[PDB]
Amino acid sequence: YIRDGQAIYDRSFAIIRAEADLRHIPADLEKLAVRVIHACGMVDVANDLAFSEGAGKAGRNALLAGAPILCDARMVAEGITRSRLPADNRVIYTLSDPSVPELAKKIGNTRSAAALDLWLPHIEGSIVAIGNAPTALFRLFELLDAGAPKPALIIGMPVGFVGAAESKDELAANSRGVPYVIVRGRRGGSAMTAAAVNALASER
């Protein structure tokens, strides 16, 4: 077997490019697509990628500008490669704030959803990275409808069986004037979500 970490790295990306149908992926999203596929082992995930026009450059440009990355889940945050960040970009995660549980109760939502209230000082021009909680995406919709400042990009890749597919479809159908990238259906998660951020963070 290949015992060289760099060799292994380089090879997988090649094999992905050889095998994946990337015809409908614009240039500004080609690295993102390859990287998300890399994360999950499924070339057919590209079939399920959906996005706004220029969503890739929206994200790349924002990160260059020093935009923060707001993360719905600890594992998303943890998965972002700090060394790849072009501008000392803050990775923000609020779910573990002590005020969150009481919030959740008062606003009648999940803890994941309630945490977004703490994003507000940071949300303008941000990268929103949602890998785990449909209810965070759903809430976000409410905050935007209500006049919240707009992120530069929303990465909506929550995984699972309750609300996940639905939340992503809604984002695509009405993204409130915000650039978006999703993986349609039940697939997604922290690794794929981190991968997307990582792709847009560096030229590689």
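From 1 onward, residues are counted along the sequence shown.
- The mean C-alpha temperature factor is higher for 97-105 when 111-119 and 97-105 are set side by side.
- Higher mean CA temperature factor, per the PDB entry, when comparing 195-203 with 2-10: 2-10.
- For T81, the recorded CA temperature factor ranks within the highest third of the chain's modelled residues.
- Among the modelled residues of its chain, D88 has a C-alpha B-factor that falls in the highest third according to the deposited record.
- Placement of the Cα temperature factor of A62 within the chain: middle third of the modelled residues, per the deposited record.
- Annotation for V34: CA B-factor lies in the lowest third of the chain's modelled residues.
- In the deposited entry, the Cα temperature factor of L144 sits in the middle third of values across the chain's modelled residues.
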